[PDB]
Amino acid sequence: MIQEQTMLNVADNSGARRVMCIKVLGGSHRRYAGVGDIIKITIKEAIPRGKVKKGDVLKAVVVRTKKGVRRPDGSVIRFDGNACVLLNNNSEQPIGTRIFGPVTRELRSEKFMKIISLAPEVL
Amino acid sequence: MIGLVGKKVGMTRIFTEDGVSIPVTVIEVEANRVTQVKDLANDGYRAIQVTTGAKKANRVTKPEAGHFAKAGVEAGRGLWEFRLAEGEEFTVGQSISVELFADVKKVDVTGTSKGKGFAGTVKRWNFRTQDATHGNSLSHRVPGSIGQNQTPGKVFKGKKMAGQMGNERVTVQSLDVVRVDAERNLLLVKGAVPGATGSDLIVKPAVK
Amino acid sequence: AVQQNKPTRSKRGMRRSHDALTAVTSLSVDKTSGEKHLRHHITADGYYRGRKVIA
Amino acid sequence: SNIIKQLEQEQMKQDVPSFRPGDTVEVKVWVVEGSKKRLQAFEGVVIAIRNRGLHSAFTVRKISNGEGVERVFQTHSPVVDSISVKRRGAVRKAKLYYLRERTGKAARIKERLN
Amino acid sequence: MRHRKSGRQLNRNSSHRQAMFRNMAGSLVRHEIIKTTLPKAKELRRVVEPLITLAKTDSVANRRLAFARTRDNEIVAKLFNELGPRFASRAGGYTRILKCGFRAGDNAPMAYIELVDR
RNA sequence: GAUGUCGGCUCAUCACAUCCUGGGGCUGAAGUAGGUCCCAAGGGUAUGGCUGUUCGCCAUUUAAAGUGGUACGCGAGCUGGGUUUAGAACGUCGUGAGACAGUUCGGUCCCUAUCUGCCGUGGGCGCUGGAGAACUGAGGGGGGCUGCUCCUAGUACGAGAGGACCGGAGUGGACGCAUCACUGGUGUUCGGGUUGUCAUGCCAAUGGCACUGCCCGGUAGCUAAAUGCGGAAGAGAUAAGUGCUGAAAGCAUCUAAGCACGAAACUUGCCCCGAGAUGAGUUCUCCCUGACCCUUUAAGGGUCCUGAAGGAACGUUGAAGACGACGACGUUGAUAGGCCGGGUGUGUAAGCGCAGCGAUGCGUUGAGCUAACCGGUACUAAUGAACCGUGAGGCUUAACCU
RNA sequence: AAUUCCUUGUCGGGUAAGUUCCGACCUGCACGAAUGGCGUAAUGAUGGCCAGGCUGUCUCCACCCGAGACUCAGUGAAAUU
RNA sequence: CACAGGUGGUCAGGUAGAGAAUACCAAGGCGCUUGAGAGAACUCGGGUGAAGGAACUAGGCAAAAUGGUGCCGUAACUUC
RNA sequence: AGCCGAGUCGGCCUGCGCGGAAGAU
Ligand SMILES: *C(=O)[C@H](CCSC)NC=O
């Protein structure tokens, strides 16, 4: 459950540390984003010599949340924080070369197979 | 086609081998007994009347008892009616069981909803509340404005206001039939249906 | 908010047309002492349904 | 209700081992990827149990690759293949939510050894 | 809404309710017949009858529980020495309610309540 | 001898000179994508930074972020930032008291609803002997939105670059109804930990007060963030528009006589109310089968005998409820409380024994306690009776039985 | 600028986006030297602007504990017409 | 008005506590001159809240938050 | 006029009609 003004951590090595959500894409009057959805962000903190700078505007996809995901038998999976991966504004492909932390099987689509393949564990 | 009368028992789940959990409502359907057939010559339309259940002797008035004794069936707890299509025929005294839904795939269920009593506009119509601070004065859940000035000078008919909510007839359409059990008189459908545990339900094949 | 015209005695009566009291339908008779009482209540001497309860 | 009890008891497992809050357990689950099926393992500490007949459940917490994860399992689902107890723990409470704010040495649990 | 709920509020708060019913249970055990309002009499059964059920098995633990719930050693002694043996072979229903008239000061409905072997 | 004036919030209703979706003619219309005019009002039609702002500029979305009327809609519905009292200061004008559609800081928003109107819910009488049920449908309301991906097909079109109509399948946003099986919130009526102080003679064990003293968990019920379902397809008559046959006018012409197509607008199909529809409708069952007197002689009055079918009143009460109303039950009985067995929650009671100098630990022991839940059981309370409601149901004409 | 009409002047900083804020320029409509000019540590229920923590202020409301409103018995007003 | 307002001086017990603060008690004094039921909307005074955390608003208005003693350690500027 | 046999062309004056014609309970 991610909305405007929400702050997130970064699960890749592109240089950013903390980011903020400024829009939930999709349709008119849309409220929340969950795992697998694409949002618009601005960068609030970055390390010195990375591939991105503080103040840029880009896109991102959500990979972990504190609310979790349900499964077809009623089970749940929850995490301790909120994290995302940075994408290119036009192509919508990753910017880094590595992935940190676990991810889930909701990402198993033709669009995010690079992330699935670079991840260290898929729950 | 015709339908049947039953009682709401409760809710549970069914597990499949693939690993899916289906939520289900359990409906008990005993045998429905035909009390009267209405035809075009004597009544003006084509239908049947049915009863189900049981009733105690010292609660049945003489008019009702005579009506049952004409048909030759035991007394039940109520009377209901169903319209006939072209090509359907039944006779007085006949019994209809839940095996009627053996090949049906989707049904519609009708019942009476739970009663909330006198309700406000926030709960009854989804109105928005006004501010809880910033100088509001005794107006936190109140409805607001209800009209205009000298023109038109009145309140229009059909306006949304506070009043009684619930306790009325409701229909829910196109529910999947999950199981039919004839030995224990059971029908299992997917999803929720109106009413409380122990209330009466009417089940028909889906119209769309 | 107050009236603009004075209401009439006819209106007063029409409003009060729902104010009459209802009397008790009948009383019961105890099977031993013969007293009259309100149904499901005890009598003034201390009987109920034929037995003495309060002395 | 007798009717619902009868419908429910014909779907229950009878192999479930006995475990308590504070124990360490390993759970094996089914994973489908294409036309293949395999078993994947999840191991951790038991913080909560819900005893509700066919509707029973339990909750497991672990630290994975620098991140804390929690899973809520429905006890009688055919997705779960097997449950095993690896260690027995000694606590006082029925719910162990206070472990969410502890890390490292401050999160240790004593062994029961009864 | 109050669907499926149990209990009476009586225009009080919880501490006041608890203290009042403690005192009333003591009075009923002491005298064996009292006069009060009908709703109060109907509430009093659910406080008094479980104490009589408890007093059918004599032990230090049960006496201490009764003391916790009454705070009167005379009441405890009467329970365990007299009222348990008297009701040893009865399954529930130790009290009885009889409706009487209306109170003069405020028109409240009234009732007597008593033990069934007085 | 008083009609409260800007902007915001809450809640709306109408027009069509149409912003989106629907149907068409022309094009300096190859395709994709555009320009202009005609028909069409069913549904839909952004969040933020700045400023008192309505506007406006800027950032990022959307199929689209329409234009106007309603005391520039709405203060006996809310606010009080701006304007427009009394305090004080700057610049400017005046000798001065003072002044400025110039600026700056501060500055009391009253009313218990008689009548109309609107949302809900009852009492009376009527419908022509009385009573218990099931219906028909004149009429009225609700609902009607739309994205992206895949196949057809890299086909039609095009030098290339690009790239379809028509027709099928899946998955979403916003909105509406119901429900509590699952995930969770609450749960001062259930269990436990602990600080200060007072009491039960004292130890041990317990209770009162300090926001439920402060906290940690949690049953039933209620509930959204939870999970099921919905908008249609078909039919009739048409709008702009497209046509067939065919004269007036030997040719031509969609029209004058005849015949065929055509849209989210109209009438139906889907859901709910509905015979006070005074034009008061229909079907099934049940109940009542005695004697007299008077008078102004008639839809007249009275006296004895008789009191049905059913209804109401009273009590025990409900997932029904402001009060009325509605549903279940009253010994030929499971309606409520209690009682017995389970389940659920909390988490190893008290007493006693052992180890230790002691705070504490171990055994008896997953122990004790356990609300509103499930399955059972006449222990307590639902009394015999009294009360209301009658005794075969008007006149005229027609058609069949006698 | 507590002073500037034109005016949200032009340039730099801070934000994804700043008619307010901070630093400069001088074209001062209409600053200026005891109806004082320019600075200043400490002090202020004083005016303006930005951050950390924190939250039912808000997306968007849900449940609970108390006092009224509702029903019965006793007493018993007001404005207005 | 048998009115939640105003009115100078003296006396000073116990356990915690810096204390005449605050909590619980002693001597002593009181339950405040309409009651009884029910458990709707709305208003008044309070307790708890998934995920987010000023997105509200003229303005963080109101709420939430910090809070004791002993010790370590503490910047620009300054009339020292 | 079209591919044989009686009418046909267009200006003027005048009576009644048709289009031009979009609004808010
Ligand atoms: C004009 O200045 C304004 C007119 C009011 S007329 C009701 N008054 C301001 O005080």
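Per chain, numbering begins at 1; letters A, B, ... match sequence-line order. In what follows, every heavy atom counts, from backbone to side chain, and hydrogens, waters and symmetry copies are set aside.
- Residue contacts for D/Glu8: at a heavy-atom cut-off of 4.0 Å it reaches no nucleic acid atom on any strand shown.
- One cannot find a donor-acceptor pair under 3.5 Å joining the base of H/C42 and the side-chain atoms of B/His140.
- Under the side-chain contact (heavy atoms from CB on, under 4.5 Å) test applied with A/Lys66, the options A/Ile2, A/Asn82, A/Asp80 reduce to a single match, A/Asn82.
- Contact annotation for A/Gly68: no contact, since no heavy-atom pair falls under 4.0 Å across all strands.
- Under 3.5 Å, the side chain of C/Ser26 and the base of F/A386 form at least one donor-acceptor pair of N or O atoms.
- Annotation for B/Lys154: atom NZ does not count as buried by contact number, only 12 or fewer foreign heavy atoms lying within 6.0 Å.
- Counting atom types as modelled, E/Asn11 pairs a side-chain N or O with a base atom of H/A38 as donor and acceptor under 3.5 Å.
- Spacing between atom CZ of C/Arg39 and atom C1' of F/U383 amounts to 5 Å, rounded to whole angstrom units.
- In this structure, CZ of E/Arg8 is placed 16 Å from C1' of F/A371, rounded to the nearest angstrom.
- The CD atom of B/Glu64 sits 13 Å away from the P atom of F/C286 (whole-angstrom rounding).
- Computed from coordinates, the E/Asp72 CG to F/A199 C1' distance equals 14 Å when rounded to whole Å.
- Spacing between atom NZ of C/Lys6 and atom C1' of G/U80 amounts to 12 Å, rounded to whole angstrom units.
- Residue-environment remark: NZ (B/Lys106) stays at or below the threshold of 12 foreign heavy atoms within 6.0 Å.
- Between B/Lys116 and B/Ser137, the one whose closest nucleotide on RNA chain H sits nearer the 5' end is B/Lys116.
- In this pair, B/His134 lays its aromatic ring flat on the base of H/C61, centres within 5.5 Å and planes under 30 degrees apart.
- More than 90° away from 0 lies the glycosidic angle of F/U335, which makes this nucleotide anti.
- At the phosphate of F/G327, neither OP1 nor OP2 sits under 4.0 Å from any side-chain N or O atom of B/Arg59.
- Nucleic acid contact for E/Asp106: base, since at least one base atom lies under 4.0 Å from a heavy atom of the residue.
- Surrounding NZ of A/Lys59 are more than 12 heavy atoms belonging to other residues, nucleotides or ligands, all under 6.0 Å away.
- Here, G/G39 and H/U74 have their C1' atoms 30 Å apart, quoted to the whole Å.
- Using a 4.0 Å heavy-atom cutoff across all strands shown, A/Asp73 reaches no nucleic acid atom at all.
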Test log, rule side-chain contact (heavy atoms from CB on, under 4.5 Å), inputs B/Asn42 and B/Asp39: CA-CA 6 Å; B/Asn42 182 249; B/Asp39 63 57; 3.9 Å; yes
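- In this structure, the NZ atom of A/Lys23 is 9 Å from the P atom of F/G48, given to the nearest Å.
- Between the side chain of A/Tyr32 and the base of G/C60, at least one donor-acceptor pair of N or O atoms lies under 3.5 Å.
- When both distances must be under 3.5 Å, the Watson-Crick or G-U wobble mate of F/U360 is F/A355.
- If you check distances only, the side chain of A/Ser28 does reach the base of F/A65 with a donor-acceptor pair under 3.5 Å.
- Checked by distance alone, E/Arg2 brings a side-chain donor or acceptor within 3.5 Å of a matching partner on the base of F/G321.
- Nucleic acid contact for E/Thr37: sugar-phosphate only, since backbone atoms but no base atoms lie under 4.0 Å from a heavy atom of the residue.
- Proximity of D/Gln11 to the phosphate of F/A181: no side-chain N or O atom is located under 4.0 Å from OP1 or OP2.
- B/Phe127 comes within 4.0 angstrom of the backbone, heavy atoms only, and of no base.
- A donor-acceptor distance shorter than 3.5 angstrom exists from the side chain of B/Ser113 to the backbone of B/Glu168, with no hydrogens or angles considered.
- A straight line from CZ of D/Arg92 to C1' of F/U194 spans 13 Å, rounded to a whole angstrom.
- Separation of the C1' atoms belonging to F/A181 and F/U212 is 34 Å when rounded to the nearest angstrom.
- One donor-acceptor pair, N or O on each side, does fall under 3.5 Å between the base of F/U206 and the side chain of E/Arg71.
- Base pairing of F/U245 is not made with any nucleotide, judged by Watson-Crick or G-U wobble geometry with both donor-acceptor distances under 3.5 Å.
- OP1 or OP2 of F/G231 has at least one side-chain nitrogen or oxygen of B/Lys208 nearer than 4.0 Å.
- The phosphate of F/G321 has OP1 or OP2 within less than 4.0 Å of a side-chain N or O from B/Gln164.
- A donor-acceptor contact under 3.5 Å is not formed by the side chain of E/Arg4 with the base of F/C373.
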